[PDB]
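Quick notes on the structure that follows.
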There are 4 protein chains.
Amino acid sequence: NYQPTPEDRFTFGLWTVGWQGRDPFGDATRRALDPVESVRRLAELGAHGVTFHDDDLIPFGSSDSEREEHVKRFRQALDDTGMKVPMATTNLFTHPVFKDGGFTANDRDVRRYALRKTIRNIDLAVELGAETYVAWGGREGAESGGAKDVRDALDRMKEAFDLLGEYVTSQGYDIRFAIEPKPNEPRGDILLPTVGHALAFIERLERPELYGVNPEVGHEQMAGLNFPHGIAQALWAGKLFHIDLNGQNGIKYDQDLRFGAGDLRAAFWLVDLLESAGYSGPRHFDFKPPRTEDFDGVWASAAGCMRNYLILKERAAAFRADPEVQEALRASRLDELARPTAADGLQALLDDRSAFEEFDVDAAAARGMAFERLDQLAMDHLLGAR
Amino acid sequence: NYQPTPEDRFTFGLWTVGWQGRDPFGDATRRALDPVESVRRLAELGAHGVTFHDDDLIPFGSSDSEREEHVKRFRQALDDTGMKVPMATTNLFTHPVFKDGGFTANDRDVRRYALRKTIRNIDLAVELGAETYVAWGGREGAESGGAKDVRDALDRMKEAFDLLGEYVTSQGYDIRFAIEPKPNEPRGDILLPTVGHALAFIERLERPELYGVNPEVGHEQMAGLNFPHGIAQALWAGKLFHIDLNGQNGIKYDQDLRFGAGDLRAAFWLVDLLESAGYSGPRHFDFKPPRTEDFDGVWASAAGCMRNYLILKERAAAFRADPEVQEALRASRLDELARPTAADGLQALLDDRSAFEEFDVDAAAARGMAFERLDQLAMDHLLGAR
Amino acid sequence: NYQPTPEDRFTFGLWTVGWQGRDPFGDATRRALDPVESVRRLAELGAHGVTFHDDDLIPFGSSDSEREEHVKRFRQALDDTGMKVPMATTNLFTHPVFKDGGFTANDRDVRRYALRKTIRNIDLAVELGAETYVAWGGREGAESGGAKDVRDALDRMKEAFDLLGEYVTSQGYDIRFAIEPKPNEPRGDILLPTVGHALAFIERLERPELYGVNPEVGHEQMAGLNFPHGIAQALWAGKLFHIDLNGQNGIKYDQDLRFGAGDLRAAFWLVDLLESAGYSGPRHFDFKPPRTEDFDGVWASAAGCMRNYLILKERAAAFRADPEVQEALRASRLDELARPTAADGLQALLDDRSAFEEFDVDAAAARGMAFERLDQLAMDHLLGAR
Amino acid sequence: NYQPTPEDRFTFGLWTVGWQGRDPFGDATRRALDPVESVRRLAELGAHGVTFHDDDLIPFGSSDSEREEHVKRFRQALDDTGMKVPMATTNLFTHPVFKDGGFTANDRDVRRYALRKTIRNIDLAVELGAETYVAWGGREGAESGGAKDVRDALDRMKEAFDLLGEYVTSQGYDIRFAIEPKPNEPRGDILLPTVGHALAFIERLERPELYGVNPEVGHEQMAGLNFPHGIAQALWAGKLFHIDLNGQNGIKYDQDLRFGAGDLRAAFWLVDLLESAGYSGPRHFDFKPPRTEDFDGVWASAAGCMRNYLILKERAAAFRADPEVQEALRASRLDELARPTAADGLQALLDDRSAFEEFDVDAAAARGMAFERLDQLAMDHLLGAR
Ligand SMILES: [Mg+2]
Ligand SMILES: [Mg+2]
Ligand SMILES: [Mg+2]
Ligand SMILES: [Mg+2]
Ligand SMILES: [Mn+2]
Ligand SMILES: [Mn+2]
Ligand SMILES: [Mn+2]
Ligand SMILES: [Mn+2]
């Protein structure tokens, strides 16, 4: 019941099911996973593919010879399973040299090193067939106010993404970039903290059409924001290139719970929107099986991500297909929201006495929105109470 | 000591010192202020001018005759005091007809009414000499997921701002718009919830150059965000048209405390940035004297907004003028942050072996940022301990 | 399907379905309800009873004659419907005299007035058969640090509750008190901000056994806290006298959404706990139908509170009755959590070499908790996917 | 200027200045510190003493022989410097065996192991002269609702603290316990999440007088709570045995910034209260020098903790000594807050017509609190603008 297939386009980072459980107060509770074992185990669970940071796949400092061996082993697992690699990304956050950032480190030589490390992995991502290159600037930011001039940092950030876009276009690569916002952690404040800040920054890049966002459920919720709303704005701008699905219990540290956990109703409205909008990218799970779990709990948690998506997809489809819901949507004037306010144009609106001089403001004010009956229909559908 | 003058460009909304103290659980604790009395009292405190919503100045439903009388009285107070009106805005939030929004109400006739109400007040703002027209979409949003298709709402929002920009340009008005973001309250979630979301939306408008942001200290702090960072991004984009100054104690209801209260260190870094960047707009206080206060407390609170700005301006100037601070900034490589990462260009960076092949990552990793000594210098300056 | 009966003990405040929609930025969108009409409408929806503040029932300033008339009318509606009044409370927050508190106002004469106003309504509550008297100190607190010495305020707060307990015991009344915590709003910070702070304060009162807590879902969530955990601590202490059910979307202003909205999974675990623990008090809904709604939306929202409770009660019962869940609970050692750590006593534990000297810490560390499979069983039950 | 002396009672955990910089996304940026070097370096900065977890001082798994050697080395550093050890604590959070808790682990054998590990370190703490034994239940809690029955966990938690109190009293030790609350991180929710919940729990222990709280600035701020208020309640209950000082920027992950950073005004009101109340315990800094820092930044950060305390102590003393402030406090009726509401007793209050029948509610309502002028005096003192 509710079984995923590779057509559902579910993907997982190596670093997700492979998280050993080391947290700021505790050592690892699980041994490291061979990326080949993860590929095979995820393929049996019905996943469509995997993603990776460079350092998840090739241990940091690997010689060029060890590097090729690690890739060849990985490629063979992809060939044996049919798994794809739709997305890749760079680790610009773990090694101590990145303690003040990569692209916006105050030290110029670290910024150049950061760009060279990224470019090396773009080549590899393209070799493996990735369509999207994600950038999560986890160390770009500050704990104190004088440490970072944010306008200079934004200049440096734009400079880095512009150079990466020059590299991609000069190589003829068919790959696009996706900025993954996060409001804080591990820096006190992280630059481009939300979907909106990333969308606004992109519009200042030399080639804006190469760049979109990879929003994460938990990250926008770490600022108390409505994740489905943020996704709707990304869709409206044409910039939802990729998405990270997981769960988060409000404003606290980045929990990365399995998808469906955390804010369940938000997950429902997210699935409703992705499916209604015809999102056709990967459904990527950026999550961490809790460190209480052994390896069987890891795979149970990963299976749960997929199951919860498929259950919510069924309930959202049932909600939208229900005539009583369709009738309720009309009662709340969702149909009117979709109509132009003034397709008759400015001058017609200015001479339309029914818009102002003869508008009956009290009759309008008295009409109820009927939103609560609509939301209870939505609740009943989610819970399978109809 | 620390006395404001009209050259300091301090401005106040009528609705700020005029807030009667009605909150969701309590009745008014103060009688209504005549806008003429506020103008005269603020001018004696050293303010530079006032702002208004249409309904602050002209009671809702006023005949055209009463309207002219209210304006004429107000104009005479401006002439007697020398006070300016740099900014005006529309009340699209108080009257029950706006309970589901103005520009993005589901009811089309309310949206048209909302546009006509705004256009009427733009004419008045221009008559009074306002340079900036603010839009705070306080009712644009939702409490439940099905109530608002956010993509349709964004279409309607863009349609409204586009029509207003057509109106302004067709009249030849020299006025620009400034969107005031707020993440929530009074709606469960408000559209365009942060500075970043508003900046991104503007880039989809037909005439983006007419529109900027009017960020509010407390609003970005209601999402846990770093307000000086958000202001830096607005400045970097060239979009800080106006700013609302006040105080807020973290993530809760919109307190609108006087400026300097709330997050004091954030206020310091904000003043440092506005003054370093040469912000030359109004320093507008969107605040509410607490309802514990009588009228003398109102004017004490308003004087405090200005005093705290002027004290922080002095401490920030002293901080930046201090040679030991200038030396510390170099020690933390703020000077390197301001230099291009790769002005030698992509190809030079790709063949620069010192950026990767021969980069000594451990030597780089070992260099301390010296951020804590810098921040303690900043703390000592703020507290006048040097 | 899922129909409430008066045996389900669902109750509503007059002020809930009677909220006119006035918020800090907007006027009322609904006319005032006659308390008699609310009683009759709620009884037809299946409610068991109503609660009231004194000022909900008797308009403030009413003569003793008008007072008796208002009570007599109300009593007749209770007799005609069979509705009970299980709980009553005092409005110590709306009138401007309470702007700095009632029990902990800095002005002594306001504190005495506050006590006399409460005592008058205790008499009335007892006349109407109320078992619980709630105290929500909404104005007890401060916006600034010097305004309130909190130790003095706590002395005054204890003095007030002690005098009320003396009054009750001297009259021979069979009524107990329940403190309703709230972390903030309308004060910047409210005293006794959470369930824990109220539980701790009670233990310093002269007659602790007269006092318990009335926790509210949304209030503990306004501090980011786990409401089921807080309820479990109240139960463990024997102090859950009453409970307020509603919904809240994280850390922001007090939304008072209908129960089931907000954090749906938290609502599920709350119902599971109340029913497992055999809570037998009223299921009270302290909620506000959103101001978008007309009167039909009001009653739809109130019906939804009850429906969602009954749906969650069914899913929690199914979860706990499921053998596979019972097996999973054993796999995660919930049975071991319920056993004493050291019923053999201190000396036995100190000489038990298997507890330390020969404890195999790595074998213990390797056992997975199996929490994720358990939580997915809980998710599947909630969603009716088994 | 502002130099600490050992009479200022400033103390530091070994784990604070010794934090290597490993965070959930990054490796260590600093080498490990020898506890002897920390003792000597802190003594030269003017600290009064150090605290430790067992595993900070004796590496986990150390033979009894290595153990004695580690203690002897440490003792010699204390003797050479004059440093005290006022407080000690147990690491029940790092090792994987504690992944589901120590005292409230679901596995009974882990709970017994947890108690034996604690008891071993109590003996050592007493040997070294510690007055307070802290308990921070960082792993006691859950990420999902079914994983932990909170009433059973509270039974287990009480059982553990009761056994520890039996051990202490049976040995005749002069040591008291202090529970350190934290709302979340590393568990999704932690048991006894705030000062209030810990104070309430203590009152159910067999020997409540052995137990108090060790509140941490940042932890209560992680729930959005007012830390000075929480400290005032702890003082009022007589339970502030110890305190952890640091900085935190609102509701997010546990930053542990140096004291004075984060909420500066809250730090001021905290110092004002500790000094006014005559707190005479250690001023303990539970902080982490940011991982951007090298070892010189570590010691600069630690010096800053102490400096900021001493600057704030001076400004708070100046504030309270200022006649104009003393006059303002009377104007705001702080003197009336400190007087009994009804020392004349219940019957006198019931027959006092000036408390109700003849109370002039409108005259009372019209009196302003004058809180804003008071708070601006407090602001001017903090900033040294008088
Ligand atoms: Mg992610
Ligand atoms: Mg504003
Ligand atoms: Mg309530
Ligand atoms: Mg601590
Ligand atoms: Mn995350
Ligand atoms: Mn505001
Ligand atoms: Mn509430
Ligand atoms: Mn901490």
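In the structure tokens, each chain is lettered A, B, ... as it comes, each chain's residues begin at 1, and ligands are numbered from 1 in order of appearance.
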
Could you give me, as a list in words, the residues within 9 Å of stretch 295-302 of chain B, counting only C-alpha atoms and dropping anything in the same chain fewer than 4 positions from it?
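Here the qualifying residues turn out to be residues 12, 16, 17, 18, 30, 41, 42, 45, 257, 258, 259, 285, 287, 288, 289, 290, 306 and 307 of chain B; 368, 369, 370, 371, 372, 373 and 376 of chain D.
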
Writer output for current selection, C-alpha atoms, as a PDB file, in the first residue's frame:
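Output (out.pdb):
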```pdb
ATOM      1  CA  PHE B  12       6.540  60.200  12.907  1.00  0.00           C
ATOM      2  CA  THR B  16       2.111  56.537  16.283  1.00  0.00           C
ATOM      3  CA  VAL B  17       1.868  59.252  18.955  1.00  0.00           C
ATOM      4  CA  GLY B  18      -1.862  59.139  18.204  1.00  0.00           C
ATOM      5  CA  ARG B  30      -5.958  57.605  25.820  1.00  0.00           C
ATOM      6  CA  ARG B  41       3.833  68.902  19.642  1.00  0.00           C
ATOM      7  CA  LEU B  42       6.188  66.937  17.376  1.00  0.00           C
ATOM      8  CA  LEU B  45      10.283  68.034  20.059  1.00  0.00           C
ATOM      9  CA  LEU B 257       8.399  49.814  21.037  1.00  0.00           C
ATOM     10  CA  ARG B 258      10.266  53.074  20.775  1.00  0.00           C
ATOM     11  CA  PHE B 259      13.494  52.932  18.801  1.00  0.00           C
ATOM     12  CA  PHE B 285       9.447  56.036  13.722  1.00  0.00           C
ATOM     13  CA  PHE B 287       6.064  52.938  17.035  1.00  0.00           C
ATOM     14  CA  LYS B 288       3.305  52.955  19.667  1.00  0.00           C
ATOM     15  CA  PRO B 289       3.802  54.553  23.081  1.00  0.00           C
ATOM     16  CA  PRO B 290       2.743  51.722  25.448  1.00  0.00           C
ATOM     17  CA  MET B 306      15.122  60.470  18.537  1.00  0.00           C
ATOM     18  CA  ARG B 307      17.548  60.612  21.476  1.00  0.00           C
TER      19      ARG B 307
ATOM     20  CA  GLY D 368      -0.118  57.281  33.549  1.00  0.00           C
ATOM     21  CA  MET D 369       2.467  54.764  34.715  1.00  0.00           C
ATOM     22  CA  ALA D 370       5.355  56.972  33.524  1.00  0.00           C
ATOM     23  CA  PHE D 371       7.157  53.755  32.492  1.00  0.00           C
ATOM     24  CA  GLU D 372       8.681  55.235  29.314  1.00  0.00           C
ATOM     25  CA  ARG D 373      10.493  58.064  31.108  1.00  0.00           C
ATOM     26  CA  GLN D 376      14.751  56.036  29.022  1.00  0.00           C
TER      27      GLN D 376
END
```

Could you name the residues that touch residue D:50 at 12 Å or less, counting only C-alpha atoms, but leaving out those on the same chain fewer than 2 positions away, as an MDAnalysis selection string?
chainID D and resid 6 9:18 35:43 46:48 52:53 56:57 74:75 77:78 81:89 125 128:130 282:286

Save out the residues we just selected, C-alpha atoms, as an mmCIF file, in the first residue's frame.
```cif
data_model
loop_
_atom_site.group_PDB
_atom_site.id
_atom_site.type_symbol
_atom_site.label_atom_id
_atom_site.label_comp_id
_atom_site.auth_asym_id
_atom_site.auth_seq_id
_atom_site.Cartn_x
_atom_site.Cartn_y
_atom_site.Cartn_z
ATOM 1 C CA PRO D 6 38.919 36.612 42.207
ATOM 2 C CA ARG D 9 33.627 35.169 41.771
ATOM 3 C CA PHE D 10 33.872 34.678 37.982
ATOM 4 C CA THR D 11 34.116 31.017 36.984
ATOM 5 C CA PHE D 12 34.394 29.111 33.695
ATOM 6 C CA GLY D 13 33.753 25.529 32.639
ATOM 7 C CA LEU D 14 36.734 23.615 31.271
ATOM 8 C CA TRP D 15 34.451 22.848 28.310
ATOM 9 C CA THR D 16 33.964 26.568 27.549
ATOM 10 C CA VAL D 17 37.418 27.954 26.707
ATOM 11 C CA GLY D 18 38.237 24.350 25.799
ATOM 12 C CA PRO D 35 42.860 21.418 31.668
ATOM 13 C CA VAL D 36 46.028 22.524 33.498
ATOM 14 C CA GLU D 37 46.721 25.139 30.827
ATOM 15 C CA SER D 38 43.164 26.444 31.056
ATOM 16 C CA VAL D 39 43.424 26.765 34.830
ATOM 17 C CA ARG D 40 46.640 28.798 34.555
ATOM 18 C CA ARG D 41 45.386 30.990 31.684
ATOM 19 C CA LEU D 42 42.053 31.705 33.391
ATOM 20 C CA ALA D 43 43.778 32.546 36.648
ATOM 21 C CA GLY D 46 41.292 37.190 36.911
ATOM 22 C CA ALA D 47 38.880 34.275 37.151
ATOM 23 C CA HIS D 48 38.013 32.875 40.535
ATOM 24 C CA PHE D 52 34.105 20.528 34.968
ATOM 25 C CA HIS D 53 32.182 17.590 33.692
ATOM 26 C CA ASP D 56 36.355 17.023 30.689
ATOM 27 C CA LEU D 57 38.883 16.111 33.359
ATOM 28 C CA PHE D 74 44.636 19.151 38.098
ATOM 29 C CA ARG D 75 44.866 19.628 41.899
ATOM 30 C CA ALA D 77 47.294 23.493 39.044
ATOM 31 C CA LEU D 78 44.589 24.617 41.475
ATOM 32 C CA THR D 81 47.033 29.337 41.011
ATOM 33 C CA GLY D 82 44.655 29.627 43.938
ATOM 34 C CA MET D 83 41.748 28.722 41.664
ATOM 35 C CA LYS D 84 38.664 27.129 43.252
ATOM 36 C CA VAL D 85 36.284 24.453 41.929
ATOM 37 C CA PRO D 86 32.834 25.660 43.068
ATOM 38 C CA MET D 87 30.709 23.451 40.860
ATOM 39 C CA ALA D 88 30.922 20.170 39.013
ATOM 40 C CA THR D 89 28.638 18.147 36.769
ATOM 41 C CA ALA D 125 33.447 17.015 43.246
ATOM 42 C CA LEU D 128 37.746 19.100 45.123
ATOM 43 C CA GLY D 129 35.569 21.341 47.305
ATOM 44 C CA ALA D 130 32.566 21.908 45.018
ATOM 45 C CA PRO D 282 29.567 32.076 41.371
ATOM 46 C CA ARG D 283 29.123 34.119 38.206
ATOM 47 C CA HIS D 284 29.620 31.178 35.889
ATOM 48 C CA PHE D 285 30.170 31.593 32.129
ATOM 49 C CA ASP D 286 28.808 28.658 30.096
#
```

Just want the 9 Å neighbourhood of stretch 345-359 of chain A, counted on only C-alpha atoms, with same-chain residues fewer than 5 positions away dropped. Output as a short mmCIF file (atom, residue, chain, number, x, y, z; two decimals) with N, CA and C atoms, in the first residue's frame.
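The result, written out as around_8.cif:
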```
data_model
loop_
_atom_site.label_atom_id
_atom_site.label_comp_id
_atom_site.auth_asym_id
_atom_site.auth_seq_id
_atom_site.Cartn_x
_atom_site.Cartn_y
_atom_site.Cartn_z
N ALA A 364 -20.51 44.74 1.19
CA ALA A 364 -19.32 43.95 0.92
C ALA A 364 -18.74 43.41 2.22
N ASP B 109 -14.69 42.96 -6.42
CA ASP B 109 -15.13 44.34 -6.23
C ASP B 109 -14.39 45.02 -5.07
N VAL B 110 -13.94 44.25 -4.08
CA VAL B 110 -13.17 44.87 -2.99
C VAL B 110 -11.78 45.28 -3.49
N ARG B 111 -11.18 44.45 -4.35
CA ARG B 111 -9.90 44.81 -4.95
C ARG B 111 -10.01 46.12 -5.73
N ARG B 112 -11.08 46.30 -6.51
CA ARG B 112 -11.21 47.55 -7.28
C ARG B 112 -11.41 48.74 -6.35
N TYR B 113 -12.28 48.57 -5.34
CA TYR B 113 -12.44 49.58 -4.31
C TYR B 113 -11.11 49.91 -3.64
N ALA B 114 -10.32 48.88 -3.31
CA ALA B 114 -9.01 49.12 -2.72
C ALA B 114 -8.12 50.00 -3.61
N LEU B 115 -8.13 49.74 -4.92
CA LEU B 115 -7.29 50.54 -5.81
C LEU B 115 -7.79 51.99 -5.87
N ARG B 116 -9.11 52.19 -5.87
CA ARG B 116 -9.63 53.55 -6.01
C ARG B 116 -9.33 54.36 -4.75
N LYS B 117 -9.41 53.70 -3.59
CA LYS B 117 -9.10 54.35 -2.31
C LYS B 117 -7.63 54.78 -2.25
N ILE B 119 -5.62 55.40 -4.93
CA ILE B 119 -5.36 56.43 -5.93
C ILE B 119 -5.82 57.79 -5.43
N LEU B 163 -0.87 48.87 -11.92
CA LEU B 163 -1.84 49.92 -12.20
C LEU B 163 -1.50 51.20 -11.45
N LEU B 164 -1.01 51.09 -10.20
CA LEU B 164 -0.62 52.30 -9.49
C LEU B 164 0.57 52.97 -10.17
N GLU B 166 1.27 52.80 -13.40
CA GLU B 166 0.69 53.45 -14.58
C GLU B 166 0.02 54.78 -14.22
N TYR B 167 -0.74 54.79 -13.12
CA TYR B 167 -1.39 56.03 -12.70
C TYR B 167 -0.36 57.13 -12.43
#
```

Find, counting only C-alpha atoms and all ligand atoms, the residue in A:243, A:92, A:147, A:237 that gets nearest to ligand 1.
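Under the stated criterion, the closest residue is A:243.
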
I'd like the interatomic distance between atom CA of residue C:80 and atom CA of residue C:131, to a tenth of an Å.
21.0 Å

Would you tabulate, counting only C-alpha atoms and all ligand atoms, all residues of chain C that have an atom at most 9 Å from an atom of ligand 3, showing the closest pair of atoms and their distance in Å to one decimal, sorted by chain then ascending number, as a tab-separated table?
```
residue	atom	partner	partner_atom_place_in_ligand_line	distance
C:136	CA	ligand 3	1 (Mg)	7.4
C:180	CA	ligand 3	1 (Mg)	6.6
C:181	CA	ligand 3	1 (Mg)	8.4
C:182	CA	ligand 3	1 (Mg)	8.4
C:214	CA	ligand 3	1 (Mg)	7.8
C:215	CA	ligand 3	1 (Mg)	7.5
C:216	CA	ligand 3	1 (Mg)	5.5
C:217	CA	ligand 3	1 (Mg)	8.6
C:218	CA	ligand 3	1 (Mg)	8.5
C:219	CA	ligand 3	1 (Mg)	7.9
C:243	CA	ligand 3	1 (Mg)	8.3
C:244	CA	ligand 3	1 (Mg)	5.5
C:245	CA	ligand 3	1 (Mg)	8.1
C:246	CA	ligand 3	1 (Mg)	8.7
C:256	CA	ligand 3	1 (Mg)	8.4
C:284	CA	ligand 3	1 (Mg)	8.9
C:285	CA	ligand 3	1 (Mg)	8.0
C:286	CA	ligand 3	1 (Mg)	4.9
C:287	CA	ligand 3	1 (Mg)	7.7
```

How about saving the chosen residues, N, CA and C atoms kept, as a PDB file, in the first residue's frame?
```pdb
ATOM      1  N   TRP C 136      -6.617  34.289  34.455  1.00  0.00           N
ATOM      2  CA  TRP C 136      -5.660  34.536  33.366  1.00  0.00           C
ATOM      3  C   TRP C 136      -5.123  35.941  33.614  1.00  0.00           C
ATOM      4  N   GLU C 180      -4.176  30.203  34.349  1.00  0.00           N
ATOM      5  CA  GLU C 180      -4.035  30.017  32.906  1.00  0.00           C
ATOM      6  C   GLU C 180      -2.789  30.770  32.493  1.00  0.00           C
ATOM      7  N   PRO C 181      -1.683  30.083  32.202  1.00  0.00           N
ATOM      8  CA  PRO C 181      -0.447  30.778  31.833  1.00  0.00           C
ATOM      9  C   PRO C 181      -0.490  31.303  30.404  1.00  0.00           C
ATOM     10  N   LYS C 182       0.298  32.353  30.161  1.00  0.00           N
ATOM     11  CA  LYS C 182       0.476  32.903  28.808  1.00  0.00           C
ATOM     12  C   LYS C 182       1.825  33.598  28.795  1.00  0.00           C
ATOM     13  N   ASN C 214      -4.797  25.809  34.195  1.00  0.00           N
ATOM     14  CA  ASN C 214      -5.655  25.692  33.022  1.00  0.00           C
ATOM     15  C   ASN C 214      -4.770  26.020  31.811  1.00  0.00           C
ATOM     16  N   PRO C 215      -4.016  25.051  31.307  1.00  0.00           N
ATOM     17  CA  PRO C 215      -3.088  25.362  30.213  1.00  0.00           C
ATOM     18  C   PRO C 215      -3.861  25.500  28.923  1.00  0.00           C
ATOM     19  N   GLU C 216      -3.303  26.309  28.002  1.00  0.00           N
ATOM     20  CA  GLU C 216      -3.900  26.520  26.688  1.00  0.00           C
ATOM     21  C   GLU C 216      -2.933  26.075  25.609  1.00  0.00           C
ATOM     22  N   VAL C 217      -3.422  25.276  24.656  1.00  0.00           N
ATOM     23  CA  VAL C 217      -2.562  24.771  23.580  1.00  0.00           C
ATOM     24  C   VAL C 217      -1.688  25.891  23.016  1.00  0.00           C
ATOM     25  N   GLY C 218      -2.337  26.965  22.544  1.00  0.00           N
ATOM     26  CA  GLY C 218      -1.628  28.015  21.834  1.00  0.00           C
ATOM     27  C   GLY C 218      -0.619  28.736  22.704  1.00  0.00           C
ATOM     28  N   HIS C 219      -0.912  28.883  24.019  1.00  0.00           N
ATOM     29  CA  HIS C 219      -0.016  29.681  24.855  1.00  0.00           C
ATOM     30  C   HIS C 219       1.332  29.001  25.021  1.00  0.00           C
ATOM     31  N   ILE C 243      -8.587  22.596  30.999  1.00  0.00           N
ATOM     32  CA  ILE C 243      -7.698  22.733  29.850  1.00  0.00           C
ATOM     33  C   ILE C 243      -8.395  23.538  28.765  1.00  0.00           C
ATOM     34  N   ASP C 244      -7.614  24.392  28.066  1.00  0.00           N
ATOM     35  CA  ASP C 244      -8.140  25.196  26.961  1.00  0.00           C
ATOM     36  C   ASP C 244      -7.575  24.649  25.655  1.00  0.00           C
ATOM     37  N   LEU C 245      -8.461  24.252  24.741  1.00  0.00           N
ATOM     38  CA  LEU C 245      -8.097  23.601  23.490  1.00  0.00           C
ATOM     39  C   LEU C 245      -8.274  24.589  22.358  1.00  0.00           C
ATOM     40  N   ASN C 246      -7.269  24.669  21.486  1.00  0.00           N
ATOM     41  CA  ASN C 246      -7.334  25.530  20.297  1.00  0.00           C
ATOM     42  C   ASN C 246      -6.109  25.201  19.432  1.00  0.00           C
ATOM     43  N   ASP C 256      -5.442  31.617  18.559  1.00  0.00           N
ATOM     44  CA  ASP C 256      -6.711  31.036  19.019  1.00  0.00           C
ATOM     45  C   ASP C 256      -7.534  30.464  17.866  1.00  0.00           C
ATOM     46  N   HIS C 284     -12.522  22.307  27.075  1.00  0.00           N
ATOM     47  CA  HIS C 284     -12.925  23.686  26.855  1.00  0.00           C
ATOM     48  C   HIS C 284     -12.208  24.258  25.636  1.00  0.00           C
ATOM     49  N   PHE C 285     -12.957  24.929  24.756  1.00  0.00           N
ATOM     50  CA  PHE C 285     -12.382  25.561  23.569  1.00  0.00           C
ATOM     51  C   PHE C 285     -12.299  27.056  23.801  1.00  0.00           C
ATOM     52  N   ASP C 286     -11.062  27.560  23.936  1.00  0.00           N
ATOM     53  CA  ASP C 286     -10.782  28.996  24.065  1.00  0.00           C
ATOM     54  C   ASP C 286     -10.254  29.379  22.695  1.00  0.00           C
ATOM     55  N   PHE C 287     -11.152  29.737  21.796  1.00  0.00           N
ATOM     56  CA  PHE C 287     -10.747  29.960  20.407  1.00  0.00           C
ATOM     57  C   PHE C 287     -11.521  31.161  19.890  1.00  0.00           C
TER      58      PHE C 287
END
```

Residues of stretch 48-223 of chain B in helix (DSSP H, G or I) according to DSSP, as a VMD selection string?
chain B and resid 54 to 57 64 to 81 96 to 98 108 to 127 150 to 171 195 to 202 208 to 210 217 to 221

Counting only C-alpha atoms, which residues of chain D come no farther than 9 Å from chain A, as a PyMOL selection string?
chain D and resi 22-30+93-100+138+143-144+184-186+188+222-223+249+251-255+257+261+290-292

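Coordinates place atom CA of residue A:239 at a distance of 7.5 Å from atom CA of residue A:211.
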
Quick one: everything within 9 Å of residue D:272, counting only C-alpha atoms, minus sequence neighbours fewer than 2 positions away in the same chain. Send it as a ChimeraX atom specification.
/D:267-270,274-277,312-313,315-317,319-320

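For residue B:384, the residues within 10 Å (counting only C-alpha atoms, excluding itself and residues fewer than 2 positions away along the chain) are residues 315, 318, 378, 379, 380, 381, 382 and 386 of chain B; 311, 382, 383, 384 and 385 of chain D.
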
Store the residues picked out above, limited to C-alpha atoms, as a PDB file, in the first residue's frame.
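Wrote it out as again10.pdb, contents follow:
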```pdb
ATOM      1  CA  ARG B 315      28.813  55.749  19.377  1.00  0.00           C
ATOM      2  CA  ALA B 318      33.343  56.940  17.492  1.00  0.00           C
ATOM      3  CA  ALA B 378      32.293  47.480  19.366  1.00  0.00           C
ATOM      4  CA  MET B 379      30.696  46.692  22.746  1.00  0.00           C
ATOM      5  CA  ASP B 380      33.045  49.080  24.615  1.00  0.00           C
ATOM      6  CA  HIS B 381      32.236  51.894  22.179  1.00  0.00           C
ATOM      7  CA  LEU B 382      28.465  51.296  22.460  1.00  0.00           C
ATOM      8  CA  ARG B 386      36.271  54.056  25.807  1.00  0.00           C
TER       9      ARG B 386
ATOM     10  CA  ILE D 311      30.642  47.375  33.036  1.00  0.00           C
ATOM     11  CA  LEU D 382      23.294  51.840  30.313  1.00  0.00           C
ATOM     12  CA  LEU D 383      24.792  53.894  27.459  1.00  0.00           C
ATOM     13  CA  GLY D 384      26.682  56.286  29.749  1.00  0.00           C
ATOM     14  CA  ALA D 385      24.693  59.259  28.461  1.00  0.00           C
TER      15      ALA D 385
END
```
